[PDB]
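J.: Just the starting chains for now, same placement as in the complex:
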Amino acid sequence: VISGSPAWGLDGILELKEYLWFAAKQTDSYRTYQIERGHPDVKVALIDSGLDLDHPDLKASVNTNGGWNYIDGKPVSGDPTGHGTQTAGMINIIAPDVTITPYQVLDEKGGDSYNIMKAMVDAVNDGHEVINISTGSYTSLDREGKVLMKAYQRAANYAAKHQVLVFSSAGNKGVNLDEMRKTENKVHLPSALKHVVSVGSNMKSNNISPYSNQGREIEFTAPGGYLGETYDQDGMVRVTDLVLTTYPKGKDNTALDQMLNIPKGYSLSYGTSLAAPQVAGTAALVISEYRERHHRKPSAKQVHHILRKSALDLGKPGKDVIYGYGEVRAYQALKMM
């Protein structure tokens, strides 16, 4: 009898729902909240820039033990850049009750591939069923490059061995990753790795986001938006093509946000780093429903299978270089269960 609405408080401003078009799409106008809202004891590891631990929308789901900062060797105390908090919100808006644990391996200067691997392994050993890595590096496969990849592949093997799904952003260079490999001898890691699910970004229209990396490695797509469908050519920003994010509440958001009266705690943004967690969030939803129905844990393959068959097949019929198996839709995922 009430119209469905996003889990986010949105400061009560009803007009912010316009920028959550991607969430309404994913959750069938939030109907999935009454189908499967997620289990608190399903845990998604957030390998990112930390987390705004007391954000109104995220604090109920944040791992009570908080998480580890590998850069300073201290427990996570916040999120300086805001990147991990934006990623966290995309998991949350789809699966508001799953637990989210921050593994802080990034800050301003960037991050080290080494800490990503360490976080992956720890996250596995800590009982996380899903890992999201919304970052990557473009690595030359010279001698030391291949060793880094070899190492990175062992981390991925370890997660797979323990039935843990790993989702990764495909990257925002707007290049074909296979052409990047033959021409530049580079690879995008960890997204290129076996047992890592590489996720690209589509638009509201379902066209691929122009920045979204393409290639045989792409497995899925999710609505990560952009500044405009043709902004790259015409300079015009369509704010309805962007997606809302949770942003550290004590941090100033952008001039565009202020102009649109987006209060602090939210920001308009885009990117594959915002697509990957939508799939991770959807995976956590499937795991939650499956465990609820059978009181058994599903295999990584079982969840992957559900994601694959429920995806919207876009572009060339089948698994293509642009969309992979296609666009993930959480309500469809649950509907096929």
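T.: Right, received. Where do you want to start? Numbers count the residues shown, from 1 in each chain, chains lettered A, B, ... in the order given.

J.: and residue A:117, what does it touch?
T.: Applying C-beta atoms under 8 Å, 6 or more residues apart in numbering, we find residue A:117 in contact with A:151-152, A:155. To be clear about C-beta, it is placed using only N, CA and C from the backbone, and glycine gets the same treatment.

J.: All the helices of the stretch 201-337 of chain A, residue numbers only.
T.: Secondary structure of the stretch 201-337 of chain A (DSSP state H, counting those that start in this stretch): helices at A:231-234, A:255-259, A:272-294, A:300-310, A:330-335.

J.: same deal with the stretch 51-200 of chain A?
T.: A:83-94, A:113-125, A:143-161, A:177-184.

J.: Would you mind finding the most buried of the ones you listed?
T.: helix A:83-94 (a mean of 29; mean count of other C-beta atoms under 10 Å).

J.: between it and helix A:272-294, how many degrees?
T.: 40 degrees (axes from the mean of the first three to the mean of the last three C-alpha atoms, to 10 degrees).

J.: so what does helix A:83-94 touch, helix or strand wise?
T.: helix A:21-27, strand A:43-48, strand A:99-104, strand A:243-246, helix A:272-294 (3 or more C-beta pairs under 8 Å, 6 or more residues apart in numbering; DSSP states H and E).

J.: can you list the helices of the stretch 51-200 of chain A in TSV and add distance to residue A:208?
T.: Listed next are those as TSV, based on distance: least, C-beta to C-beta, whole Å:
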stretch	distance to residue A:208
helix A:83-94	18
helix A:113-125	26
helix A:143-161	25
helix A:177-184	13
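
J.: Tell me which of the ones you listed approaches residue A:132 most closely.
T.: helix A:83-94 (6.6 Å; C-beta to C-beta).

J.: Could you give the separation of the closest one from the chain centroid?
T.: Between the centre of helix A:83-94 and the centre of its host chain there is 7 Å, according to C-alpha atoms, centre = their mean, to the nearest Å.

J.: which residues touch the residue most central in space within chain A?
T.: Nearest to the mean C-alpha position of chain A, by C-alpha atoms, centre = their mean, lies residue A:277 at 1.7 Å. In this structure, residue A:277 makes contact with A:87-88, A:90-91, A:132, A:134, A:167, judged by C-beta under 8 Å, 6+ apart.

J.: now for chain B, put it on the one above:
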Amino acid sequence: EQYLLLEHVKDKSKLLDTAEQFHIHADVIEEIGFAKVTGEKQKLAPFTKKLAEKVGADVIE
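T.: Adding chain B to the chains above:
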């Protein structure tokens, strides 16, 4: 500051003993046998050179 990947993760122990014998700190991710070694840069080379006589590892600079 360099990085090491053991051919065999069971050789983590023989890695941490060569590292202590050269006062360099080696931080190993045990399950994947990948380590970050930090210390003084004159001694990273002899550490690499006597670690290389007993266990197989590739090194990154």
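
J.: ok chain B is loaded, check the contacts of residue A:117 again?
T.: A:151-152, A:155, B:29, B:32, B:34 (C-beta atoms under 8 Å, 6 or more residues apart in numbering or on different chains).

J.: What distance do you get for residue A:210 to residue B:43?
T.: Separation of residue A:210 from residue B:43 (C-beta to C-beta, to the nearest Å): 50 Å.

J.: List the contacts of the residue nearest to the residue nearest to the centre of chain A when sequence neighbours are not counted.
T.: Spatially, and ignoring its direct neighbours in sequence, residue A:277 is nearest to residue A:90 (3.9 Å; C-beta to C-beta, 6 or more residues apart in numbering or on different chains). By C-beta under 8 Å, 6+ apart, the contact set of residue A:90 is A:245, A:274-275, A:277-278, A:281.

J.: Name the member of those with the shortest distance to chain B.
T.: Ranked by distance to chain B (C-beta to the nearest C-beta), the contacts of residue A:90 are led by residue A:277 at 24.3 Å.

J.: Look up how far residue A:54 lies from that closest one.
T.: 20 Å.

J.: for chain A, what are the nearby residues on chain B?
T.: B:3, B:5, B:29, B:31-34, B:36, B:58, B:60-61 (C-beta under 8 Å from any C-beta of the partner chain).

J.: got the residues you listed as JSON lines, with neighbour count and secondary structure columns?
T.: Shown next, in JSON lines, are those (neighbours: other C-beta atoms under 10 Å in any protein chain shown; DSSP: H, G, I helix; E, B strand; the rest coil):
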{"residue": "B:3", "neighbour count": "22", "secondary structure": "strand"}
{"residue": "B:5", "neighbour count": "20", "secondary structure": "strand"}
{"residue": "B:29", "neighbour count": "24", "secondary structure": "strand"}
{"residue": "B:31", "neighbour count": "21", "secondary structure": "coil"}
{"residue": "B:32", "neighbour count": "23", "secondary structure": "coil"}
{"residue": "B:33", "neighbour count": "21", "secondary structure": "coil"}
{"residue": "B:34", "neighbour count": "29", "secondary structure": "strand"}
{"residue": "B:36", "neighbour count": "18", "secondary structure": "strand"}
{"residue": "B:58", "neighbour count": "16", "secondary structure": "strand"}
{"residue": "B:60", "neighbour count": "17", "secondary structure": "strand"}
{"residue": "B:61", "neighbour count": "8", "secondary structure": "coil"}
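
J.: from these, which two are the most distant?
T.: B:31 and B:61 (23.9 Å).
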